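Chains B and R, in that order, give the protein sequences.
Numbered per the deposited numbering, the first sequence spans residues 5 to 39, 52 to 375.
Numbered per the deposited numbering, the second sequence spans residues 568 to 762, 770 to 790.
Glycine included, each C-beta is placed from N, C-alpha and C at the ideal position.
Some notes on the structure that comes next.
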Amino acid sequence: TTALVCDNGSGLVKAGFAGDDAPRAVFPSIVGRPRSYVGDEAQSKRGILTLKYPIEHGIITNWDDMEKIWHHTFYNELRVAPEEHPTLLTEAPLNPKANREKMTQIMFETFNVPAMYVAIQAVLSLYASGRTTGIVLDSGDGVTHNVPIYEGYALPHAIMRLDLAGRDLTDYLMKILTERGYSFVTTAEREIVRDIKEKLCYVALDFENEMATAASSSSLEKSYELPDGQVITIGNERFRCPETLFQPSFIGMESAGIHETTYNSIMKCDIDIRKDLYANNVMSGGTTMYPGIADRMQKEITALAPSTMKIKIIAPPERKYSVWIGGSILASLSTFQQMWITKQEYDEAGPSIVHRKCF
Amino acid sequence: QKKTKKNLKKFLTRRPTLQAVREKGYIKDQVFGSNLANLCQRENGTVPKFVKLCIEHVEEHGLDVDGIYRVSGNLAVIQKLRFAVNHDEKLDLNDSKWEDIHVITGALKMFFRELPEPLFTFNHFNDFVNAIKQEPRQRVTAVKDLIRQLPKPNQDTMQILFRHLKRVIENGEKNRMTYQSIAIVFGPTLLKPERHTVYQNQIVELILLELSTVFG
Ligand SMILES: Nc1ncnc2c1ncn2[C@@H]1O[C@H](COP(=O)(O)OP(=O)(O)OP(=O)(O)O)[C@@H](O)[C@H]1O
Ligand SMILES: C/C1=C/C(=O)O[C@@H]2C[C@@H](CC[C@H](C)/C=C\CC1)O[C@@](O)([C@@H]1CSC(=O)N1)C2
Ligand SMILES: [Mg+2]
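Right under this line is the structure:
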């Protein structure tokens, strides 16, 4: 009757029921096996277990642990029977065919779902913003994508992929905080820095001008108190860390910044739809939550685009769960009813039916 | 939220088909997942350039690695390799971004897996299974003649791939690979039915075994 929606990210799992405005469960995507627990229960016993990320840069790389993530999602987080709910899942652009088949095989043979479907994460974000055509900047914990879309179709030749994302920004913030005598190295210390990054970091409109104001400013430096009661302070690192997204050389990468990969992706599309892409820049993902990233993107793209082009960045406040919200909307529509891969279809075709039904 | 659900409701039933969007020229084939003959044409060749790169890299750095083409590489790094290849960027397979040799072999095995049609073509699958079921004294002849009937991209790519795998087996003392373990790897991927696995592995074994006479 009611369908499940599950967005499996490199860092967080967002799952819930179709028709809801927000995911019911948001837990970390980790599995711990003894030297088996998952999610938050695995981090509590991080000494008894060796923790593994089953998703790396948006790609499932450990199917044994990934199967445990879904089992927990169904019975422990949502507390439902998978054999009673159609399940909508998400995937990265250009996901390897074998991965799409293994996901379909597991959902049907292991969890016995009556129906399933897999959609592209960036497409579900575009849908949530009331659009079916545009270019999506999807930036999460493990990977960043620039996905131009036409009529729900991701344009594969123009999709840009960057290994830089939220987790890499946390690692860079750990590095530049050594300039203040802070030594964050271990995994438990990295979660402190990610919290500081989420709370105090922001994107500067003009990075070089923001650097000249840092010493003169009276409001740049903020305080943060660690779990043990010690108080640390952070200054210009608040925007030098998310500056890596625009100047990836800050971490030794040769790639271009997300503003250039957006422009490079638009130029690889047909000239007839570039104007529609320039005017529908949708941002989704936790790493797009930095204050000011929308204005900075608006400025950087205008400097690259022709002077005559109209440019609009769409950064909704709920864009941390845009992928899931779009999936919740999609799986609840009546006109979506005939698009599911039913259980009766899978038992005849097998996993390879995913390539014809999910597009 | 009400206006977006209504428009999505109608968009799902009026959304254009995938072929219509490809008629407009908005969806273009890349290196992975694209037709083999179209890819070789666009590159003015008969062997995909990425296929030749992997083979030359593996024959120079991985011929002694134990369990090559059997040990799996990291899927996320391979996915990064797919984008680097699909964009025709400056690429050196010996750089440290690609980690180890198994990423290269894994990307090579994936290229053939992602092909829309198998390397041995769909319309010749039945003939290949029937040729391997024949009496053993007539098998090699039947397999060779079916290969000579394939299009030139499939013929050329088959020879470069099999001659490479032959040298891999000839160093089996160092890499512990044999005709059977290699055929178990490439059997299901090189031969698919449009719609058995034991005959597919047998076809690759025979070609690797009588490489000289089959490609004469
Ligand atoms: N307010 C914020 N400002 C900056 N970064 C944030 C904020 N909130 C969350 N993040 C970052 O976003 C990341 C989580 O985002 P999300 O859950 O969308 O990623 P994911 O979907 O698991 O990853 P992927 O899409 O790569 O698989 C974390 O790395 C976190 O540091
Ligand atoms: C509160 C919370 C936030 C988060 O999104 O965290 C997710 C999931 C997490 C998994 C391990 C962590 C120790 C367990 C729970 C953290 C979950 O890894 C991340 O923190 C990674 C590691 S550092 C970073 O910035 N991202 C992302
Ligand atoms: Mg995500």
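Count the CB pairs spanning the region 9 to 22 of chain B and the region 85 to 98 of chain B that are closer than 8 Å, and state whether there are at least three.
A contact exists between the region 9 to 22 of chain B and the region 85 to 98 of chain B.
How would you list, in chain order, the residues of chain B whose beta-carbon sits under 7 Å from the beta-carbon of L579 (chain R)?
The answer, in chain order, is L349, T351, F352.
Listing by chain order, which chain R residues have their CB less than 7 Å from the CB of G168 (chain B)?
Residues of chain R passing the Cβ test: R582.
Give the straight-line distance between the Cα atoms of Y636 (chain R) and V370 (chain B), rounded to the nearest whole angstrom.
Cα to Cα, the separation comes out at about 27 Å.
Does the beta-carbon distance from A22 (chain B) to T6 (chain B) come in below 8 Å?
Contact flag set, yes.
With hydrogens ignored, establish whether the beta-carbon of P32 (chain B) is closer than 7 Å to any heavy atom of ligand 2.
For ligand 2, at least one heavy atom lies less than 7 Å from the Cβ of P32 (chain B).
Indicate whether at least one CB of chain B lies closer than 8 Å to the CB of residue 768 (chain R).
Chain R lacks coordinates between 762 and 770, the interval that contains residue 768 (chain R).
Is the beta carbon of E207 (chain B) within less than 7 Å of some heavy atom of ligand 2?
Indeed, a heavy atom of ligand 2 lies less than 7 Å from the Cβ.
Rounded to whole angstroms, what's the CA-CA distance from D80 (chain B) to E125 (chain B)? Just pull it up for me.
The alpha-carbon atoms of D80 (chain B) and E125 (chain B) are separated by roughly 14 Å.
At a threshold of 7 Å, does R183 (chain B) count as lining ligand 2 (C-beta to nearest heavy atom)?
The answer is yes for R183 (chain B).
Could you please give the first and the last residue of the uninterrupted beta strand (DSSP E) stretch that includes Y166 (chain B)?
Run containing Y166 (chain B): 160 to 166, per the beta strand (DSSP E) assignment.
List the residues of chain B whose Cβ lies closer than 7 Å to the Cβ of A643 (chain R), in chain order.
Near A643 (chain R) (Cβ distances below 7 Å), the residues of chain B are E72, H73, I75, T77.
Near ligand 3, which residues have their beta-carbon closer than 5 Å to a heavy atom?
My final list is B:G13, B:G156.
Would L171 (chain B) pass as an interface residue toward chain R - the criterion being a Cβ-Cβ separation below 8 Å?
Yes - at least one Cβ of chain R is within 8 Å of the one on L171 (chain B).
Can you pull the chain R neighbours of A114 (chain B), defined as C-beta to C-beta under 7 Å?
Within chain R, the residues near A114 (chain B) are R680.
Would you give the residue range spanned by the alpha helix (DSSP H) that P38 (chain B) belongs to?
Run containing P38 (chain B): none in the alpha helix (DSSP H); it sits in the beta strand (DSSP E), 35 to 38.
Anyone know if the C-beta pair for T120 (chain B) and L8 (chain B) falls short of 8 Å?
No. Outside cutoff.
List the DSSP bridge partners of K68 (chain B).
According to DSSP, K68 (chain B) bridges with B:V35.
Given that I282 (chain B) touches chain R, what residues does it touch there, using C-beta distances under 7 Å?
Neighbours of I282 (chain B) on chain R: none; closest Cβ ~13 Å, over 7 Å.
Any chance you could list the beta strand (DSSP E) runs of at least 3 consecutive residues sitting entirely within the region 587 to 653 of chain R, in chain order?
DSSP runs (the beta strand (DSSP E)) wholly in the region 587 to 653 of chain R: none.
Under 8 Å, do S141 (chain B) and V298 (chain B) count as touching if we go by C-beta distance?
Taking 8 Å as the Cβ cut-off, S141 (chain B) and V298 (chain B) qualify as a contacting pair.
Per DSSP, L8 (chain B) is paired with what?
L8 (chain B) pairs with B:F21, B:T103.
Counting only C-beta atoms, is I289 (chain B) closer than 8 Å to chain R at any point?
By this cut-off, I289 (chain B) is an interface position.
Between which two residues does the alpha helix (DSSP H) carrying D154 (chain B) extend?
Per DSSP, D154 (chain B) belongs to no alpha helix (DSSP H); it is in the beta strand (DSSP E), 150 to 155.
Which residue comes first and which comes last in the alpha helix (DSSP H) that contains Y240 (chain B)?
It is not in any alpha helix (DSSP H) - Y240 (chain B) instead sits in the beta strand (DSSP E) that spans 238 to 241.
For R256 (chain B), which of helix, strand or coil comes out of DSSP?
Helix, per DSSP.
Return the residues of the region 596 to 610 of chain R that lie within a Cβ-Cβ distance of less than 9 Å from chain B, sorted by chain order.
Of all residues in the region 596 to 610 of chain R, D596, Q597, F599, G600 have a Cβ within less than 9 Å of some Cβ in chain B.
So, at 7 Å on beta carbons, what are the nonlocal neighbours of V638 (chain R) in its own chain, with the 5 sequence-adjacent residues on each side left out?
If we look at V638 (chain R) and ignore the five residues flanking it on each side, its Cβ neighbours are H669.
Could you name the residues of the same chain whose beta carbon sits closer than 6 Å to that of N738 (chain R), not counting the 5 residues immediately before and after it, in chain order?
So the list reads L630, once near-sequence residues are dropped.
Quick check: is any heavy atom of ligand 1 less than 7 Å from the C-beta of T303 (chain B)?
Yes, Cβ of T303 (chain B) sits closer than 7 Å to a heavy atom of ligand 1.
Give me whichever residues DSSP pairs with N297 (chain B) in a beta bridge.
Note: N297 (chain B) sits in a beta bridge opposite B:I151, B:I329.
Give the secondary structure of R177 (chain B) by DSSP, where H, G and I count as helix, E and B as strand, and everything else as coil.
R177 (chain B): strand per DSSP, three-state reduction.
Which one of R:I777, R:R734, R:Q726, R:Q747 has the shortest CA to CA distance from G790 (chain R)?
Nearest of R:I777, R:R734, R:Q726, R:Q747 to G790 (chain R), Cα basis: R:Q726.
With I136 (chain B) as the anchor, note down where its beta strand (DSSP E) starts and where it stops.
Looking at the DSSP string, the run of the beta strand (DSSP E) that includes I136 (chain B) is 131 to 136.
Quick one: residues in its chain with C-beta nearer than 8 Å to the C-beta of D596 (chain R), no 5 flanking neighbours on either side, listed in chain order?
The residues are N602, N605, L606.
So if DSSP puts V54 (chain B) in a beta bridge, which residue, or which two residues, is it bridged to?
According to DSSP, which records beta bridges pairwise, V54 (chain B) is partnered with B:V35.
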